[PDB]
$ cat coords29.txt   # compact mmCIF, N, CA and C atoms
# COMPACT_ATOMS: atom_id res chain seq x y z
N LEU A 1 -212.93 25.87 -69.29
CA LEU A 1 -212.07 25.32 -68.25
C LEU A 1 -210.82 26.17 -68.04
N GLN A 2 -210.83 26.94 -66.96
CA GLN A 2 -209.71 27.81 -66.62
C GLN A 2 -209.02 27.36 -65.34
N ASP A 3 -207.69 27.31 -65.40
CA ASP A 3 -206.89 26.93 -64.25
C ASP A 3 -206.98 28.00 -63.18
N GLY A 4 -206.91 27.59 -61.92
CA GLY A 4 -206.91 28.54 -60.84
C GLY A 4 -205.62 29.34 -60.88
N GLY A 5 -205.60 30.46 -60.17
CA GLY A 5 -204.36 31.17 -59.94
C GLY A 5 -204.48 31.92 -58.64
N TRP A 6 -203.35 32.10 -57.97
CA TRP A 6 -203.31 32.64 -56.62
C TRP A 6 -203.43 34.14 -56.66
N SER A 7 -204.02 34.71 -55.62
CA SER A 7 -203.95 36.13 -55.45
C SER A 7 -202.55 36.39 -54.91
N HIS A 8 -202.18 37.65 -54.77
CA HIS A 8 -200.97 37.99 -54.05
C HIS A 8 -201.19 37.63 -52.58
N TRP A 9 -200.11 37.51 -51.83
CA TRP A 9 -200.19 37.19 -50.41
C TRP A 9 -200.76 38.36 -49.64
N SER A 10 -201.59 38.05 -48.65
CA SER A 10 -201.99 39.04 -47.66
C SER A 10 -200.76 39.50 -46.91
N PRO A 11 -200.86 40.65 -46.24
CA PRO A 11 -199.80 41.08 -45.33
C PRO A 11 -199.58 40.01 -44.25
N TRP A 12 -198.41 40.02 -43.63
CA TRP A 12 -198.16 39.15 -42.49
C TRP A 12 -198.93 39.69 -41.31
N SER A 13 -199.53 38.81 -40.52
CA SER A 13 -200.13 39.27 -39.27
C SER A 13 -199.02 39.63 -38.29
N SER A 14 -199.44 40.13 -37.13
CA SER A 14 -198.57 40.31 -35.98
C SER A 14 -198.17 38.97 -35.39
N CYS A 15 -197.15 38.98 -34.54
CA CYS A 15 -196.80 37.79 -33.78
C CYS A 15 -198.00 37.34 -32.95
N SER A 16 -198.30 36.05 -32.97
CA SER A 16 -199.41 35.51 -32.19
C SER A 16 -199.19 35.54 -30.66
N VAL A 17 -197.98 35.87 -30.21
CA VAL A 17 -197.73 36.06 -28.78
C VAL A 17 -197.03 37.38 -28.51
N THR A 18 -197.24 37.94 -27.32
CA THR A 18 -196.48 39.10 -26.89
C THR A 18 -195.33 38.68 -25.99
N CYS A 19 -195.25 37.39 -25.70
CA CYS A 19 -194.12 36.81 -24.98
C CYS A 19 -193.97 35.35 -25.36
N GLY A 20 -192.76 34.83 -25.25
CA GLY A 20 -192.50 33.47 -25.68
C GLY A 20 -192.45 33.36 -27.20
N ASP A 21 -192.70 32.15 -27.71
CA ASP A 21 -192.60 31.87 -29.14
C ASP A 21 -193.97 31.75 -29.79
N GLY A 22 -194.06 32.17 -31.05
CA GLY A 22 -195.30 32.10 -31.79
C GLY A 22 -195.08 32.26 -33.29
N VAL A 23 -196.16 32.46 -34.03
CA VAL A 23 -196.04 32.60 -35.47
C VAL A 23 -196.75 33.83 -36.04
N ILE A 24 -196.13 34.42 -37.05
CA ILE A 24 -196.80 35.38 -37.91
C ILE A 24 -197.29 34.58 -39.09
N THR A 25 -198.47 34.93 -39.61
CA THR A 25 -199.11 34.16 -40.66
C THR A 25 -199.61 35.04 -41.81
N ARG A 26 -199.54 34.53 -43.04
CA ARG A 26 -200.05 35.25 -44.20
C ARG A 26 -200.75 34.30 -45.16
N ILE A 27 -201.84 34.75 -45.77
CA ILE A 27 -202.66 33.87 -46.59
C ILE A 27 -202.87 34.38 -48.01
N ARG A 28 -203.31 33.47 -48.89
CA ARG A 28 -203.67 33.80 -50.26
C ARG A 28 -204.85 32.93 -50.73
N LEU A 29 -205.47 33.31 -51.84
CA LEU A 29 -206.70 32.68 -52.30
C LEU A 29 -206.57 32.23 -53.74
N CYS A 30 -207.29 31.19 -54.15
CA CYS A 30 -207.20 30.87 -55.54
C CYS A 30 -208.46 31.51 -56.08
N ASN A 31 -208.35 32.82 -56.24
CA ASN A 31 -209.37 33.68 -56.83
C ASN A 31 -208.96 34.41 -58.11
N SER A 32 -207.74 34.18 -58.57
CA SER A 32 -207.15 35.06 -59.58
C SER A 32 -206.63 34.33 -60.82
N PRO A 33 -207.52 33.66 -61.56
CA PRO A 33 -208.94 33.58 -61.24
C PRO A 33 -209.28 32.34 -60.44
N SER A 34 -210.55 32.20 -60.08
CA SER A 34 -211.02 30.97 -59.49
C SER A 34 -211.00 29.91 -60.57
N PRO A 35 -210.67 28.66 -60.20
CA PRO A 35 -210.80 27.58 -61.18
C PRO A 35 -212.23 27.54 -61.70
N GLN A 36 -212.30 27.25 -63.00
CA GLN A 36 -213.50 27.10 -63.80
C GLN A 36 -213.74 25.61 -64.00
N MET A 37 -214.85 25.28 -64.64
CA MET A 37 -215.26 23.90 -64.84
C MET A 37 -214.11 23.04 -65.36
N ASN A 38 -213.71 22.06 -64.56
CA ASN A 38 -212.63 21.16 -64.92
C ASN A 38 -211.31 21.90 -65.09
N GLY A 39 -211.17 23.02 -64.39
CA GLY A 39 -209.91 23.75 -64.43
C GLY A 39 -208.96 23.25 -63.37
N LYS A 40 -207.66 23.43 -63.60
CA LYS A 40 -206.67 23.02 -62.62
C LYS A 40 -206.75 23.91 -61.38
N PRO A 41 -206.60 23.32 -60.20
CA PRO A 41 -206.60 24.07 -58.95
C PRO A 41 -205.25 24.74 -58.72
N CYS A 42 -205.23 25.79 -57.91
CA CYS A 42 -203.97 26.41 -57.55
C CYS A 42 -203.12 25.37 -56.83
N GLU A 43 -201.80 25.44 -56.99
CA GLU A 43 -200.93 24.48 -56.33
C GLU A 43 -200.03 25.12 -55.28
N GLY A 44 -199.86 24.44 -54.16
CA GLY A 44 -199.07 24.95 -53.06
C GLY A 44 -199.91 25.42 -51.89
N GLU A 45 -199.24 25.84 -50.82
CA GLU A 45 -199.90 26.28 -49.59
C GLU A 45 -200.70 27.56 -49.78
N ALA A 46 -201.92 27.58 -49.24
CA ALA A 46 -202.74 28.78 -49.27
C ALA A 46 -202.41 29.67 -48.08
N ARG A 47 -201.52 29.20 -47.21
CA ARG A 47 -201.02 30.03 -46.12
C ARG A 47 -199.60 29.68 -45.68
N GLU A 48 -198.89 30.67 -45.16
CA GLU A 48 -197.55 30.46 -44.66
C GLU A 48 -197.43 31.02 -43.26
N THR A 49 -196.49 30.47 -42.50
CA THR A 49 -196.21 30.92 -41.15
C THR A 49 -194.72 31.14 -40.99
N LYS A 50 -194.33 31.83 -39.93
CA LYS A 50 -192.92 31.99 -39.63
C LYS A 50 -192.72 31.89 -38.14
N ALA A 51 -191.49 32.13 -37.70
CA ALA A 51 -191.18 32.11 -36.28
C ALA A 51 -191.09 33.54 -35.80
N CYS A 52 -191.81 33.84 -34.73
CA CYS A 52 -191.63 35.10 -34.04
C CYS A 52 -191.31 34.78 -32.58
N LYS A 53 -190.21 35.34 -32.10
CA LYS A 53 -189.79 35.09 -30.73
C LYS A 53 -189.79 36.40 -29.97
N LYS A 54 -190.27 36.34 -28.73
CA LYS A 54 -190.33 37.49 -27.85
C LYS A 54 -189.71 37.07 -26.54
N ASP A 55 -189.45 38.03 -25.67
CA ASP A 55 -188.89 37.72 -24.36
C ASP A 55 -189.87 36.85 -23.59
N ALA A 56 -189.35 36.11 -22.62
CA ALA A 56 -190.14 35.16 -21.85
C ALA A 56 -191.34 35.82 -21.19
N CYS A 57 -192.46 35.10 -21.15
CA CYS A 57 -193.65 35.54 -20.41
C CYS A 57 -193.36 35.55 -18.90
N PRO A 58 -193.94 36.52 -18.19
CA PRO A 58 -193.79 36.53 -16.74
C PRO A 58 -194.17 35.18 -16.13
N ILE A 59 -193.44 34.79 -15.09
CA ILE A 59 -193.77 33.61 -14.31
C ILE A 59 -194.14 34.09 -12.91
N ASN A 60 -195.40 33.91 -12.54
CA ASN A 60 -195.88 34.40 -11.26
C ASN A 60 -195.50 33.47 -10.10
N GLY A 61 -195.25 34.04 -8.93
CA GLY A 61 -194.88 33.25 -7.77
C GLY A 61 -195.96 32.28 -7.33
N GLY A 62 -195.63 30.99 -7.24
CA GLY A 62 -196.44 30.04 -6.48
C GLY A 62 -195.87 29.81 -5.08
N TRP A 63 -196.72 29.48 -4.11
CA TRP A 63 -196.27 29.15 -2.76
C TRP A 63 -195.81 27.70 -2.71
N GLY A 64 -194.67 27.44 -2.06
CA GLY A 64 -194.31 26.07 -1.76
C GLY A 64 -195.11 25.62 -0.55
N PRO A 65 -194.93 24.36 -0.12
CA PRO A 65 -195.65 23.86 1.05
C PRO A 65 -195.23 24.52 2.37
N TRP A 66 -196.15 24.55 3.32
CA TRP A 66 -195.85 24.98 4.67
C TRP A 66 -194.86 24.02 5.30
N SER A 67 -193.95 24.55 6.12
CA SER A 67 -193.19 23.70 7.03
C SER A 67 -194.12 23.05 8.05
N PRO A 68 -193.66 21.96 8.67
CA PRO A 68 -194.35 21.40 9.83
C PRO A 68 -194.49 22.48 10.90
N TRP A 69 -195.59 22.48 11.64
CA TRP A 69 -195.70 23.39 12.77
C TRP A 69 -194.52 23.21 13.71
N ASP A 70 -193.95 24.31 14.21
CA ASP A 70 -192.97 24.24 15.29
C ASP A 70 -193.63 23.73 16.56
N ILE A 71 -192.84 23.16 17.46
CA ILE A 71 -193.33 22.73 18.78
C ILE A 71 -193.88 23.91 19.58
N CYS A 72 -194.97 23.68 20.31
CA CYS A 72 -195.62 24.75 21.05
C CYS A 72 -194.60 25.41 21.98
N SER A 73 -194.74 26.72 22.19
CA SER A 73 -193.82 27.45 23.05
C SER A 73 -193.94 27.01 24.51
N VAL A 74 -195.08 26.44 24.86
CA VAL A 74 -195.28 25.87 26.18
C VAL A 74 -195.92 24.50 26.04
N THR A 75 -195.67 23.64 27.03
CA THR A 75 -196.30 22.33 27.04
C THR A 75 -197.72 22.47 27.55
N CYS A 76 -197.97 23.58 28.24
CA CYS A 76 -199.24 23.76 28.92
C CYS A 76 -199.62 25.22 29.10
N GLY A 77 -200.92 25.48 29.15
CA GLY A 77 -201.43 26.79 29.52
C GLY A 77 -201.38 27.84 28.43
N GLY A 78 -201.75 27.48 27.21
CA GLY A 78 -201.81 28.47 26.15
C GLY A 78 -200.53 29.01 25.52
N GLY A 79 -199.81 28.16 24.79
CA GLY A 79 -198.67 28.63 24.03
C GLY A 79 -198.99 29.01 22.59
N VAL A 80 -197.94 29.36 21.85
CA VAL A 80 -198.06 29.67 20.44
C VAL A 80 -197.10 28.80 19.62
N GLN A 81 -197.46 28.55 18.36
CA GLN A 81 -196.58 27.83 17.45
C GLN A 81 -196.64 28.42 16.04
N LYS A 82 -195.60 28.18 15.27
CA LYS A 82 -195.38 28.91 14.05
C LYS A 82 -195.00 27.99 12.91
N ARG A 83 -195.44 28.32 11.70
CA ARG A 83 -194.98 27.64 10.51
C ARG A 83 -194.79 28.65 9.40
N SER A 84 -194.06 28.26 8.36
CA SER A 84 -193.73 29.20 7.30
C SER A 84 -193.58 28.54 5.93
N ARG A 85 -193.61 29.36 4.88
CA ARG A 85 -193.51 28.89 3.50
C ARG A 85 -192.65 29.84 2.64
N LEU A 86 -192.27 29.40 1.45
CA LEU A 86 -191.47 30.22 0.56
C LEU A 86 -192.24 30.49 -0.72
N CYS A 87 -192.03 31.63 -1.36
CA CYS A 87 -192.66 31.76 -2.65
C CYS A 87 -191.56 31.43 -3.63
N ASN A 88 -191.33 30.13 -3.76
CA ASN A 88 -190.37 29.57 -4.69
C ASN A 88 -190.94 28.56 -5.67
N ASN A 89 -192.25 28.36 -5.63
CA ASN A 89 -192.84 27.23 -6.34
C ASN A 89 -193.92 27.62 -7.35
N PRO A 90 -193.55 28.37 -8.40
CA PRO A 90 -192.20 28.80 -8.74
C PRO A 90 -191.86 30.14 -8.12
N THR A 91 -190.63 30.58 -8.34
CA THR A 91 -190.18 31.90 -7.95
C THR A 91 -190.63 32.91 -9.00
N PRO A 92 -191.11 34.08 -8.56
CA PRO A 92 -191.53 35.06 -9.57
C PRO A 92 -190.35 35.35 -10.52
N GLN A 93 -190.61 35.36 -11.82
CA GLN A 93 -189.54 35.57 -12.79
C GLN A 93 -190.05 36.34 -14.00
N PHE A 94 -189.13 36.98 -14.71
CA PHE A 94 -189.47 37.76 -15.89
C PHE A 94 -190.65 38.69 -15.59
N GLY A 95 -190.60 39.38 -14.45
CA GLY A 95 -191.64 40.33 -14.09
C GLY A 95 -192.92 39.76 -13.51
N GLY A 96 -192.99 38.45 -13.32
CA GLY A 96 -194.18 37.86 -12.73
C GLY A 96 -194.50 38.43 -11.36
N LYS A 97 -195.74 38.25 -10.92
CA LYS A 97 -196.20 38.81 -9.66
C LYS A 97 -195.62 38.08 -8.45
N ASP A 98 -195.58 38.79 -7.33
CA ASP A 98 -195.21 38.21 -6.05
C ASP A 98 -196.32 37.26 -5.61
N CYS A 99 -196.00 36.33 -4.73
CA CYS A 99 -197.03 35.51 -4.14
C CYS A 99 -197.89 36.45 -3.30
N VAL A 100 -199.17 36.12 -3.15
CA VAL A 100 -200.04 36.87 -2.25
C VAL A 100 -200.28 36.10 -0.95
N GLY A 101 -199.88 36.68 0.17
CA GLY A 101 -200.18 36.08 1.45
C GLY A 101 -199.09 36.24 2.50
N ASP A 102 -199.29 35.59 3.64
CA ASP A 102 -198.32 35.61 4.72
C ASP A 102 -197.23 34.59 4.46
N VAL A 103 -195.99 34.97 4.72
CA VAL A 103 -194.89 34.02 4.70
C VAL A 103 -194.95 33.13 5.94
N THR A 104 -195.60 33.63 6.98
CA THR A 104 -195.65 32.91 8.25
C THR A 104 -197.05 32.87 8.87
N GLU A 105 -197.33 31.78 9.58
CA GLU A 105 -198.56 31.63 10.33
C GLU A 105 -198.26 31.26 11.76
N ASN A 106 -199.05 31.81 12.66
CA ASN A 106 -198.98 31.42 14.05
C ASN A 106 -200.34 30.91 14.48
N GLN A 107 -200.37 30.08 15.52
CA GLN A 107 -201.64 29.69 16.13
C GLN A 107 -201.43 29.22 17.57
N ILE A 108 -202.49 29.26 18.36
CA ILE A 108 -202.42 28.80 19.73
C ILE A 108 -202.17 27.31 19.75
N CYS A 109 -201.63 26.83 20.87
CA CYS A 109 -201.44 25.41 21.07
C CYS A 109 -201.47 25.13 22.57
N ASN A 110 -201.85 23.91 22.94
CA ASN A 110 -201.90 23.50 24.34
C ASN A 110 -202.61 24.50 25.23
N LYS A 111 -203.79 24.96 24.81
CA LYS A 111 -204.49 26.00 25.57
C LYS A 111 -205.05 25.52 26.91
N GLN A 112 -205.00 24.21 27.16
CA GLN A 112 -205.46 23.66 28.44
C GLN A 112 -204.56 24.14 29.58
N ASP A 113 -205.09 24.18 30.80
CA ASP A 113 -204.34 24.68 31.95
C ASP A 113 -203.36 23.67 32.58
N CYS A 114 -202.32 24.19 33.21
CA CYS A 114 -201.21 23.35 33.68
C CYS A 114 -201.29 22.97 35.15
N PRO A 115 -200.94 21.72 35.45
CA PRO A 115 -200.97 21.22 36.83
C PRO A 115 -199.82 21.78 37.66
$ encode --input "coords29.txt" --output "structure tokens"
Amino acid sequence: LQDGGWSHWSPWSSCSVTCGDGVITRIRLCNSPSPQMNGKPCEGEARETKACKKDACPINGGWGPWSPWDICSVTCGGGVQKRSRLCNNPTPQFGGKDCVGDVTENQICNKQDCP
């Protein structure tokens, strides 16, 4: 009957994130020696963690909602109308990408002919 004993600690791993908060981790084994018949087990944590902090992860631009369509440029005979949006939802931050698309849309309106 031999009591367990811990190996030395493994090296610490790298930070689990390249941005934001995460942990570095290191482990050990009760192999030195392994507990024998009716031997005492190793005591304490077989692994440890720490805090690793990195700069904020990029926040990519989301589009906010479209504005209501503007009133047609004409009441009759084929006008145009316009609406628009912002890339603020969220705003690109910490190097995040720009929104992809048009800030503005146009379309025909009242295409029927006028009396």
$ residues_around --input "coords29.txt" --residues "residue 72 of chain A" --least-positions-apart "3" --cutoff "7 Å" --atoms "all atoms listed in the file" --output "VMD selection string"
chain A and resid 69 75 79 to 82 109 to 110
$ residues_around --input "coords29.txt" --residues "residue 99 of chain A" --least-positions-apart "5" --cutoff "8 Å" --atoms "all atoms listed in the file" --output "mmCIF file with N, CA and C atoms, keeping the file's coordinate frame"
data_model
loop_
_atom_site.group_PDB
_atom_site.id
_atom_site.type_symbol
_atom_site.label_atom_id
_atom_site.label_comp_id
_atom_site.auth_asym_id
_atom_site.auth_seq_id
_atom_site.Cartn_x
_atom_site.Cartn_y
_atom_site.Cartn_z
ATOM 1 N N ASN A 60 -195.400 33.910 -12.540
ATOM 2 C CA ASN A 60 -195.880 34.400 -11.260
ATOM 3 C C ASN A 60 -195.500 33.470 -10.100
ATOM 4 N N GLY A 61 -195.250 34.040 -8.930
ATOM 5 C CA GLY A 61 -194.880 33.250 -7.770
ATOM 6 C C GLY A 61 -195.960 32.280 -7.330
ATOM 7 N N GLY A 62 -195.630 30.990 -7.240
ATOM 8 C CA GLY A 62 -196.440 30.040 -6.480
ATOM 9 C C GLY A 62 -195.870 29.810 -5.080
ATOM 10 N N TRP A 63 -196.720 29.480 -4.110
ATOM 11 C CA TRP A 63 -196.270 29.150 -2.760
ATOM 12 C C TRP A 63 -195.810 27.700 -2.710
ATOM 13 N N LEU A 86 -192.270 29.400 1.450
ATOM 14 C CA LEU A 86 -191.470 30.220 0.560
ATOM 15 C C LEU A 86 -192.240 30.490 -0.720
ATOM 16 N N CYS A 87 -192.030 31.630 -1.360
ATOM 17 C CA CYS A 87 -192.660 31.760 -2.650
ATOM 18 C C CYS A 87 -191.560 31.430 -3.630
ATOM 19 N N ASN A 88 -191.330 30.130 -3.760
ATOM 20 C CA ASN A 88 -190.370 29.570 -4.690
ATOM 21 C C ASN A 88 -190.940 28.560 -5.670
ATOM 22 N N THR A 91 -190.630 30.580 -8.340
ATOM 23 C CA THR A 91 -190.180 31.900 -7.950
ATOM 24 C C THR A 91 -190.630 32.910 -9.000
ATOM 25 N N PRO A 92 -191.110 34.080 -8.560
ATOM 26 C CA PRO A 92 -191.530 35.060 -9.570
ATOM 27 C C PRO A 92 -190.350 35.350 -10.520
#
$ closest_residue --input "coords29.txt" --among "A:20, A:89, A:43, A:70" --to "residue 57 of chain A" --atoms "all atoms listed in the file"
A:20
$ axis_aligned_box --input "coords29.txt" --around "segment 74-78 of chain A" --padding-each-side "5 Å" --output "JSON"
{"center_x": -198.4, "center_y": 25.7, "center_z": 27.2, "size_x": 16.7, "size_y": 16.7, "size_z": 14.7}
$ closest_residue --input "coords29.txt" --among "A:67, A:14, A:38, A:112" --to "residue 2 of chain A" --atoms "only N, CA and C atoms"
A:38
$ atom_distance --input "coords29.txt" --atom1 "atom CA of residue 36 of chain A" --atom2 "atom CA of residue 12 of chain A"
28.9 Å
$ closest_residue --input "coords29.txt" --among "A:30, A:59, A:76, A:71" --to "residue 90 of chain A" --atoms "only C-alpha atoms"
A:59
$ closest_residue --input "coords29.txt" --among "A:85, A:73, A:10, A:37" --to "residue 105 of chain A" --atoms "all atoms listed in the file"
A:85
$ closest_residue --input "coords29.txt" --among "A:54, A:83, A:97, A:40" --to "residue 17 of chain A" --atoms "only N, CA and C atoms"
A:54
$ atom_distance --input "coords29.txt" --atom1 "atom N of residue 103 of chain A" --atom2 "atom C of residue 66 of chain A"
11.0 Å
$ closest_residue --input "coords29.txt" --among "A:107, A:25, A:68, A:35" --to "residue 47 of chain A" --atoms "only N, CA and C atoms"
A:25
$ atom_distance --input "coords29.txt" --atom1 "atom C of residue 49 of chain A" --atom2 "atom C of residue 24 of chain A"
4.7 Å
$ residues_around --input "coords29.txt" --residues "residue 56 of chain A" --least-positions-apart "3" --cutoff "8 Å" --atoms "only N, CA and C atoms" --output "JSON, numbers by chain"
{"A": [18, 19, 20, 21, 53, 59, 93, 94, 95]}
$ build_atoms --input "coords29.txt" --residues "segment 46-65 of chain A" --atoms "N, CA, C and O atoms" --output "compact mmCIF listing (two decimals), in the frame of the given file"
# COMPACT_ATOMS: atom_id res chain seq x y z
N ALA A 46 -201.92 27.58 -49.24
CA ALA A 46 -202.74 28.78 -49.27
C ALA A 46 -202.41 29.67 -48.08
O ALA A 46 -202.95 30.77 -47.94
N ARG A 47 -201.52 29.20 -47.21
CA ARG A 47 -201.02 30.03 -46.12
C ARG A 47 -199.60 29.68 -45.68
O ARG A 47 -199.15 28.54 -45.82
N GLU A 48 -198.89 30.67 -45.16
CA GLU A 48 -197.55 30.46 -44.66
C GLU A 48 -197.43 31.02 -43.26
O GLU A 48 -198.17 31.93 -42.86
N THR A 49 -196.49 30.47 -42.50
CA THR A 49 -196.21 30.92 -41.15
C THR A 49 -194.72 31.14 -40.99
O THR A 49 -193.92 30.72 -41.84
N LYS A 50 -194.33 31.83 -39.93
CA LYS A 50 -192.92 31.99 -39.63
C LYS A 50 -192.72 31.89 -38.14
O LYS A 50 -193.66 31.58 -37.39
N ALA A 51 -191.49 32.13 -37.70
CA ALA A 51 -191.18 32.11 -36.28
C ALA A 51 -191.09 33.54 -35.80
O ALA A 51 -190.40 34.36 -36.40
N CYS A 52 -191.81 33.84 -34.73
CA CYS A 52 -191.63 35.10 -34.04
C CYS A 52 -191.31 34.78 -32.58
O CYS A 52 -192.03 34.04 -31.91
N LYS A 53 -190.21 35.34 -32.10
CA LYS A 53 -189.79 35.09 -30.73
C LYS A 53 -189.79 36.40 -29.97
O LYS A 53 -189.38 37.44 -30.50
N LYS A 54 -190.27 36.34 -28.73
CA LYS A 54 -190.33 37.49 -27.85
C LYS A 54 -189.71 37.07 -26.54
O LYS A 54 -189.49 35.88 -26.31
N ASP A 55 -189.45 38.03 -25.67
CA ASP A 55 -188.89 37.72 -24.36
C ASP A 55 -189.87 36.85 -23.59
O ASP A 55 -191.07 36.83 -23.89
N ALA A 56 -189.35 36.11 -22.62
CA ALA A 56 -190.14 35.16 -21.85
C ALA A 56 -191.34 35.82 -21.19
O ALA A 56 -191.26 36.96 -20.73
N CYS A 57 -192.46 35.10 -21.15
CA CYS A 57 -193.65 35.54 -20.41
C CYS A 57 -193.36 35.55 -18.90
O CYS A 57 -192.62 34.70 -18.39
N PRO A 58 -193.94 36.52 -18.19
CA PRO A 58 -193.79 36.53 -16.74
C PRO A 58 -194.17 35.18 -16.13
O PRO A 58 -195.07 34.51 -16.62
N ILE A 59 -193.44 34.79 -15.09
CA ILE A 59 -193.77 33.61 -14.31
C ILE A 59 -194.14 34.09 -12.91
O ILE A 59 -193.30 34.63 -12.19
N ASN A 60 -195.40 33.91 -12.54
CA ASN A 60 -195.88 34.40 -11.26
C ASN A 60 -195.50 33.47 -10.10
O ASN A 60 -195.43 32.25 -10.28
N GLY A 61 -195.25 34.04 -8.93
CA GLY A 61 -194.88 33.25 -7.77
C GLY A 61 -195.96 32.28 -7.33
O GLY A 61 -197.10 32.68 -7.12
N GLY A 62 -195.63 30.99 -7.24
CA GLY A 62 -196.44 30.04 -6.48
C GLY A 62 -195.87 29.81 -5.08
O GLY A 62 -194.65 29.87 -4.91
N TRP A 63 -196.72 29.48 -4.11
CA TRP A 63 -196.27 29.15 -2.76
C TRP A 63 -195.81 27.70 -2.71
O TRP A 63 -196.48 26.82 -3.23
N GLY A 64 -194.67 27.44 -2.06
CA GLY A 64 -194.31 26.07 -1.76
C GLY A 64 -195.11 25.62 -0.55
O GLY A 64 -195.89 26.40 0.01
N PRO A 65 -194.93 24.36 -0.12
CA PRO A 65 -195.65 23.86 1.05
C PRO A 65 -195.23 24.52 2.37
O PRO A 65 -194.09 24.97 2.51
